[PDB]
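Trainee: Before we start, here is the structure in question, set down as structure tokens.
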Amino acid sequence: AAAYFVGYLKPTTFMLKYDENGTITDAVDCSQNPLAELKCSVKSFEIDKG
Amino acid sequence: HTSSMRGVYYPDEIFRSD
Amino acid sequence: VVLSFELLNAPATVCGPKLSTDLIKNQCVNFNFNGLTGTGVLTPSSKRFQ
């Protein structure tokens, strides 16, 4: 078969995790849900209660 | 038609620690 | 083999080689790695660059 699967992009902000040995393996886009924006605000992937 | 956490590329060539 | 050297009104297209300095490590010295200026101690570590 044949599939292009082309998708556009928009300027947004991202919170990139920088693990050792030069890898990412996890990211969060702070434009989809308020939980992602909260994660990007305090710079943490595990948010406590409050 | 859904990019489930796909499209994350290195924005620069800077090595960063944890 | 005749090498015709010219110095006409034109930008510097051909120049001589650019000899780099030695690597002075374990000493607070000035460094210039192609624009990166400043002063620091050149010491290795156990990092993994890409």
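Protein chains in written order, with UniProt numbering: chain B, 249 to 298; chain W, 33 to 50; chain E, 497 to 546. Heads up, the beta-carbon is just placed ideally off N, CA and C, and yes, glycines get one too.
1. What residue does the beta strand (DSSP E) around E/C524 start on, and which one ends it?
2. Can at least three beta-carbon pairs, one atom from the stretch 530 to 539 of chain E and one from the stretch 497 to 515 of chain E, be found at a separation below 8 Å?
3. On the criterion of 16 or more Cβ atoms from any shown chain inside 10 Å, does B/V290 qualify as buried, or is it exposed?
4. So E/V537 and E/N522 are in contact, right, with Cβ under 8 Å, and what is the actual spacing, rounded?
5. Where do the N-terminal and C-terminal ends of the beta strand (DSSP E) with B/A275 fall, by residue?
Mentor: By the coordinates alone:
1. Looking at the DSSP string, the run of the beta strand (DSSP E) that includes E/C524 is 524 to 526.
2. Contact annotation: the stretch 530 to 539 of chain E does not touch the stretch 497 to 515 of chain E, with fewer than three C-beta pairs closer than 8 Å.
3. Classification for B/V290: exposed.
4. The C-beta distance from E/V537 to E/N522 rounds to 7 Å, short enough to fall under 8 Å.
5. For B/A275, the uninterrupted beta strand (DSSP E) segment begins and ends at 275 to 277.
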